[PDB]
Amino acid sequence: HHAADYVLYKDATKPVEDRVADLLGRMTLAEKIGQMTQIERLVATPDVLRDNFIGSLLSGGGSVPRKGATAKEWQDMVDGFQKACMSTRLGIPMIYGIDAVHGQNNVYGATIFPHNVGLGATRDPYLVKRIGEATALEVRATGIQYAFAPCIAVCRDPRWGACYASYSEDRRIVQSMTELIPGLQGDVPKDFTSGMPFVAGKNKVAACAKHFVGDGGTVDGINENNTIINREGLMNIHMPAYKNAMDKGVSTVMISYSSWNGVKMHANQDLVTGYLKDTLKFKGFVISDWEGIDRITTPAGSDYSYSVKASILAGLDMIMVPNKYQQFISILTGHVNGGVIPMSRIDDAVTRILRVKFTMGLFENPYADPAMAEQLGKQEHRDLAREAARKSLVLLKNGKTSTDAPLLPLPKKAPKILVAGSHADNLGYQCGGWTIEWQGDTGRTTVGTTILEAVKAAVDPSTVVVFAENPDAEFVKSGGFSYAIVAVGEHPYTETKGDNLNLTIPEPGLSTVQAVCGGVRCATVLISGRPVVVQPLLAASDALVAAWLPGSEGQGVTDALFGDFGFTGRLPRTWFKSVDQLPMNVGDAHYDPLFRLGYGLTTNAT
């Protein structure tokens, strides 16, 4: 369709399927296996990208150009890499991926939304969609086109260190929250075929339903372990949200480290090809987890040649290598050269990677929009995050007897108030895992508002606010306080580091609450990624709030404490009496909760 140097795949007016087929038919084996290769930015250089025909890059947790980098620095790094890819013979742009799982959370000054467990408390899919929209703007502000989200794990045991990344133990709440997908990607057309990938264009990102499948169902919530359950139960609990994701055009699926009934997901042809591709009709690309194929064997990495054979024959399309791309390319090349992996398997993987790249507009807009840089940390997104934090909060108790004056809401005007606890003035603690660093971090790691700063911003100017992190009983009894707000809880963690059999918060925590609440009426704010042992915190507290991991906008806590808004959140998980009861989920024969799924006390706006 015109000029003498005309190449169909480069024509933006031709249909995706014709541009894919036109490009695939021109590629060498090296170009094909290049597309199937994702590498860390930490090992990428122009020459590596160009000479290996690399298809994708990622930032893993904490993989950043430097500490405190601006949105423009991120854009320049991504463009740098993309310039190299676009200089290859075929000019195939790379897709850059990142864990934007509660905002663009590796980026300094990015808005940090509550983690998924808290969003589950909101029962507000439309709020989660809005979070998806804001996240896509903030990811595109940094030049990135691909978010590894959403986690549609169904956590069935809160000893799992990723329990906070699950919206709920109820598959129905996880299904409702797949509205994240059309937030990140855009709404699919009215006509849409379930399983086709979709991204609206340069102001949206590709999404990733992960981790397929049963990441939330491991024995003793041990991260990466064995999910022991029959076909009926995998299909009734862990699968359904994958179908919702297909209907909303999720562009990719990341495979789980976990096994189903002793079979590595990363080697499971029946589930990856039989079910996801041939039954659910997935037409996007399937990506590995991080060294996922390496972990097929025991030990991990002890037969990479197997790892490649088993993972690629199971139907995986793109491999998050992510460092040793030379070994990955050499070994897949040999298996194809020896007839062990047929060319048709390579062509199907490359067809799906190119389908996603063409669909999402990457060949038309391979470079970053410098005008999107101001989207990062935009006050409108913060206001959204604040709304979400507030709606996430679950009021567990509001008066020590039925007869007491309810403590909440608190008055903004009082002569003197106490704000206390390890978590009252710690932005890192309130964001948790996957914030600036992989495992999250302590203190003032990014832009935000702690509980202490929110209280000072909220109260009447005549109200004297005293901060003491760990005050003793005498300090409180002598200080002349009207009331105390005390904030304690879990430290930041992710995945295996947060696997935890006893689920009790670190000291000082209980001690500071007992010391404070012993001397003056107290509202306790519990910062956690999951239910933890709570009876002793309750027994001491006049009121207690489960705030989960509310993110950067701490004023969402104070919006409810002080009666600007009523408490509306409902537990999206069972709150246990004792860890010995676990696993224990809404529905089981032997169901004895401290607080059932769906519990939450209410208040009214003053």
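Residue positions are given as counts along the sequence shown, with the first one as 1.
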query	finding
Per the entry, higher mean C-alpha B factor between 525 to 533 and 216 to 224	216 to 224
Mean C-alpha B-factor comparison - 450 to 458 and 232 to 240, higher one	232 to 240
Candidate set 280, 98, 389, 107 [ranked by C-alpha B-factor, highest]	280
Out of 111, 302, 82, 359, residue topping the C-alpha B-factor column of the entry	302
CA B-factor placement of residue 129, once the chain's modelled residues are sorted into thirds	middle
Residue 38 CA temperature factor, ranked by third within the chain	lowest
Cα B factor band for residue 369 (lowest, middle or highest third within the chain)	lowest
Chain-wide C-alpha B factor ranking for residue 490, given as lowest, middle or highest third	middle
Residue 542 by Cα B-factor - lowest, middle or highest third of the modelled chain	middle
